[PDB]
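Here is the structure we will look at, set down as C-alpha cells.
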Amino acid sequence: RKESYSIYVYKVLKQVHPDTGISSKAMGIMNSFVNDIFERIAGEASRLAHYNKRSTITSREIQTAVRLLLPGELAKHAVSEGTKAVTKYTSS
Amino acid sequence: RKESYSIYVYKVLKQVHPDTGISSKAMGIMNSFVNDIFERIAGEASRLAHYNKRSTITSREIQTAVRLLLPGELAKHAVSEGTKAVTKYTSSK
Amino acid sequence: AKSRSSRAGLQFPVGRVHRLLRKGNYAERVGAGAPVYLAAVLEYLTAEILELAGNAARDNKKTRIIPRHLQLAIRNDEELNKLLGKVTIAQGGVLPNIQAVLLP
Amino acid sequence: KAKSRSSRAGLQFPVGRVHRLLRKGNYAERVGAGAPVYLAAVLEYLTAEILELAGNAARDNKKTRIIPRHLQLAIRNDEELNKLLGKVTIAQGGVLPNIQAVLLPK
Amino acid sequence: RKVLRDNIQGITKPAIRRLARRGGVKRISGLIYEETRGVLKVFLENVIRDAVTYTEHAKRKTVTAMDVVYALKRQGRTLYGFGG
Amino acid sequence: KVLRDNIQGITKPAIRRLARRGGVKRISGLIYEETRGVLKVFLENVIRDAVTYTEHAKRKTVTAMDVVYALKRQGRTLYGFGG
Amino acid sequence: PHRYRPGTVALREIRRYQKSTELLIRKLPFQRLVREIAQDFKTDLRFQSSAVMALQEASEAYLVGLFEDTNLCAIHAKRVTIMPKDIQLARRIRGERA
Amino acid sequence: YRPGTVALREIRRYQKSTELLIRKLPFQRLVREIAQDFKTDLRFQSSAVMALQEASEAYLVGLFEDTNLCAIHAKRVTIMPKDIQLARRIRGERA
Ligand SMILES: [Cl-]
Ligand SMILES: [Cl-]
Ligand SMILES: [Cl-]
Ligand SMILES: [Cl-]
Ligand SMILES: [Cl-]
Ligand SMILES: [Cl-]
Ligand SMILES: [Cl-]
Ligand SMILES: [Cl-]
Ligand SMILES: [Cl-]
Ligand SMILES: [Cl-]
Ligand SMILES: [Cl-]
Ligand SMILES: [Cl-]
Ligand SMILES: [Cl-]
Ligand SMILES: [Cl-]
Ligand SMILES: [Cl-]
Ligand SMILES: [Cl-]
Ligand SMILES: [Cl-]
Ligand SMILES: [Cl-]
Ligand SMILES: [Cl-]
Ligand SMILES: [Cl-]
Ligand SMILES: [Cl-]
Ligand SMILES: [Cl-]
C-alpha cells in the first residue's frame, strides 16, 4: 500500500552510475526510503502550517521542514537543490 | 496557542478529591498533558483512517488509537470509559 | 442533558473537541462519536493523574496539588510512567531514590 | 503534448505525483504549487546521494549490481546519512564489520 | 489447529551465539541464553500485539507485512524493504 | 578575536548539585568540563531548532512555544509552557 | 595473534557473521514462536509469510543491536564475557526497563 | 563528617528539592551567546529561557542517573568521563 518510485530511482541510478544495476530487494529498500523521507518532511511541513495558523503548505514550509529534519551539510545541499528546482520551474 | 482546559480539569478535581486545590503551575502542567494526549490520539487516528483509505475519523479510529498509544492495563480502562460515554450519548440520541 | 457533554455524562467539552478535531488536519470528516469517545478518554486520564497527585499531596500534609505532586504520581505509577516516559514536568524534580550500594 | 512539471523543473522525480500525494495525505487545507517541486527535488537529491555511495560500495566489493548490503554499508559509513537514518533497519543489510580494539590481539 | 507451546525454546544457544557474534561479542556467559529468550519474547509480544491491532481494526484475519511495519513504527523503529 | 565562552559561566557547584539530584555520590574532577561539553551540544541542538521556528514565522523574539516545538523535535516533551 | 584458542575462534566467527546478511535464527522455529505468541491475542489469525519475515528481520536487528550495547557494557567493566547484568544495564539506559 | 556522609546528605537534599540548580543569569547569558551564533538581533521571551533551563536541567540530571549506573556497573562509586560517554553512546546521543 505504499508508493513505488522505482522508475525514478532507476533513472537517477543511471545518471550517477550508468555502469551499475540494482536488485529488486535493494529497490524495495529505496522505495521505503523515499516514502519515509516524504512522510517526515510532509508531516513536519503540516505541523509548521498548523503552528502558524496557515491553511497552505508552500515551498517555505517544505524548506524549513528540510532544515529541521536533515543534518548539517545534507540539509544545506537539499535546500540548495530545492531552491534551484523552484527557480528553474518558475522561469521555465 | 494551546487549548486551555482549566475549567474542566478543575471540575474533575472536585469529583475525585473534593477538598484539595491545585496551583496555577500545576494547572499549566495539566493543560500541557491534555493537549499532548489529544494530539497523540488524533494523530494516530488520522494515520489509521488514511491507512484504511477512510475519509472519516470515527470512534472506532479513536478507540484503536487509544489501544495503540496507552500501556495495556490503562488502555482497558480508557476504552471502557470511551465506550460508556458513546453508549450514553446514543441511548439519549 | 442539553449540551453534547451532558448527553454523554462528561465534564470535558465534546463540542470543543469536535471543533478541534475538525480544525486539525486529521481527516476530511469527523463523526459525532469520535469527540465523545476522545473527550471521555481525556477526562478519564485527567481523573487518574489527579487522583494520584492528590494522594501524593496528602502524603505530605498538603491540600494543594503542585507540579511536584504531579511528578510523584506519574513516576510512582507504572502505567502513567510508561505513557509519559519522554515527558519533562517543569518544577517536578525526581523521585527520592539512592542506589543501595551507595549507602553505608 | 504538454511539458511535464518535472521536466520544467529539471527533475526526474514526479512533481505531479508528489503534489497529488501531498493532497491525499491531508497535511493542510491547501498545497501550493512550489511545494511538490521543492519536495521532489529533495527526494531526488537524497536518492542520488545514497545511490552514489552505494554504487561505490558495490565496486569496492567487485560487484556491479547494488544490493541491500551496499545500501547499508553506504549509509552506516556516512556520518550524516547514518544520523538521518539512525532508527532505520535495512532488511538484509547486515551490520558494519567492526570489532572493539580491546578484543583484538596485541 | 493445534495448541502451540514452549516454542521460545526454538531460539537456540547456537542461534543466539550467532546473533551475539554479529553484534561483535567475543565471549558469552552461559546465563545469557535464557536472558536473551526473555527479552526477545517481550519485544515480539509487543510488536505482534500492535500488528494484530491494526489487522483487527481493518477487520482482517490475515496479518500483513505492512501491519508489522506500522506496528514497528509504533515502537519507534522504521523497517525498510517491506512496502511492496 | 573576541572571547565568547559563557559555557564557563556554568558553575562547578551547580554541576555538583545536578549530579546529586541524579543520585551521584562521588564526582571525578574531570566530569565538570565533560559536562559543560555535553550541555553545550544539547543547547546548540535545541536552540538551533527553536530559532528555525522563530525565523520561519518571520518573528525576532523566540517564544516558549518555539522551544517546546524544538524540544519535541529532539524527542523530548516539555509540560508547563503552553499558557 | 594467539593461535587458534577459543578466542581466535570467536574472532573468526565475529568476522564471518559481520560479513554476512542472512537471518541467523532458523525460520520455521521463528515462525512457530510468532504463531504461538499470536494464539493469545486471537484465535484463527493467519500471518502472511512476508509479515513473518518482517518480524524476523526486525527481531534480529533488535537483538544484535542490543548485543552491541551489551558488549560495551561488558568491556566497560573491563570484562570480555557478556553477562545478564550487561544486558540489563544496556536496557535500562535504552529505556526498555529504565 | 566523612565525605561519603556529606554526599549522601546532599543527595537526599537535592532529590527532595524541585528548584532550578543553575544560576538564572549565567544560564540566560549562555543561551543568548548560542542563539547569537545562528541569527543576530534575536531576543528571547523570558519564559522561553526558562523552558530551556527546565529542559536542560532535566536532561542533565537524567544523564547523571545513567552515568551513575555505569560507574556502579564498574564497581566504582565515582563517576568519570568514560561513564558519561558510555551512557551517551547507548542513549544514541553520539558517534
Ligand atoms: Cl461510570
Ligand atoms: Cl458540549
Ligand atoms: Cl463516530
Ligand atoms: Cl497522480
Ligand atoms: Cl492533484
Ligand atoms: Cl508554493
Ligand atoms: Cl561504503
Ligand atoms: Cl574491526
Ligand atoms: Cl539450545
Ligand atoms: Cl563464547
Ligand atoms: Cl515501506
Ligand atoms: Cl552556575
Ligand atoms: Cl564529590
Ligand atoms: Cl536469510
Ligand atoms: Cl508453522
Ligand atoms: Cl525494525
Ligand atoms: Cl571476562
Ligand atoms: Cl549477571
Ligand atoms: Cl524536556
Ligand atoms: Cl570509586
Ligand atoms: Cl575516564
Ligand atoms: Cl560523550
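Note on A:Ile7 and E:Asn46: the model spin-label points, each 7 Å out from Cα along the C-beta direction, lie 4.1 nm apart.
Legend: mean number of C-beta atoms from other chains within 10 angstrom of residue C-beta atoms, peptide D:74-80, equals 2. Taking each DSSP H run with n ≥ 4 as -39500 (n - 2.57) and averaging over every residue of the protein assembly as shown yields -20500 deg cm²/dmol at 222 nm. Its relative contact order, with pairs defined as Cα atoms under 8 Å and 6+ residues apart, puts chain B at 19 percent. Counting only other chain Cβ atoms within 10 Å of each residue's Cβ, the peptide D:53-65 averages 3. Apply the a/c threshold of 1.5 to the C-alpha gyration tensor of chain F and tell me whether it is rounded, prolate or oblate. Oblate is the answer for chain F, as a/c is 1.5 or above yet b/c matches or exceeds a/b.
Please give the average number of partner chain Cβ atoms lying within 10 Å of the Cβ of each residue in G:27-38, rounded to a whole number.
Per residue, the average neighbour count from other chains is 6.
Here the label points at C:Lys23 and D:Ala101, each 7 Å from Cα along the C-beta direction, are separated by 5.8 nm in the simple model.
The peptide list A:59-66, F:49-56, put in order of mean Cβ contacts within 10 Å with the highest first, becomes A:59-66, F:49-56. Based on C-alpha pairs under 8 angstrom that are at least 6 apart in sequence, the range H:44-95 has a relative contact order of 28 percent.
Listed highest first by mean packing, meaning other Cβ atoms within 10 Å per residue, what order do C:56-62, D:65-71, B:72-78 come in? Walk me through the numbers on the way to the answer.
Values: C:56-62: 14.4, D:65-71: 23.3, B:72-78: 16.3.
Going from most to least packed, we get D:65-71, B:72-78, C:56-62.
Helix D:35-59 and the long axis of chain D differ in direction by around 30°, with both axes built from C-alpha atoms. Summed over all non-identical Cα pairs, the Kirkwood treatment of the protein assembly as shown gives a radius of 28.0 Å. Placing pseudo-labels 7 Å out from each Cα toward the beta carbon at D:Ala33 and G:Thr81 gives an inter-label distance of 7.2 nm.
Distance between the C-alpha centres of the range E:49-77 and the range D:1-66: 28 Å, rounded to the whole angstrom. Please work out whether chain G counts as rounded, prolate or oblate from its C-alpha gyration tensor, where a ≥ b ≥ c are the square roots of the eigenvalues and a/c under 1.5 means rounded, while otherwise a/b larger than b/c means prolate and anything else oblate? Cα axes put chain G in the oblate bin. If a spin label sat at a point 7 angstrom from the Cα of G:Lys27 along the line to its beta carbon, the backbone N atoms of the range E:1-16 nearer than 19 Å would be those of E:10-12, E:15-16.
Once you have a ≥ b ≥ c as the square roots of the Cα gyration tensor eigenvalues for the range C:13-104, tell me rounded if a/c is under 1.5, and otherwise prolate or oblate according to whether a/b is larger than b/c.
Details: a/c = 3.38, a/b = 2.27, b/c = 1.49.
Prolate is the answer for the range C:13-104, as a/c is 1.5 or above and a/b outweighs b/c.
Relative contact order (percent) for chain H, with alpha-carbon contacts under 8 angstrom and 6 or more residues of separation? Please report the intermediate quantities before stating the final value.
Working: 37 pairs, mean separation 17.2, N = 95.
Result for chain H is 18 percent.
In this analysis, Cβ positions are derived from the backbone assuming ideal geometry, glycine residues included, and neighbour counts consider all displayed protein chains. Bear in mind that the values in this text are calculations on the coordinates, not laboratory data.
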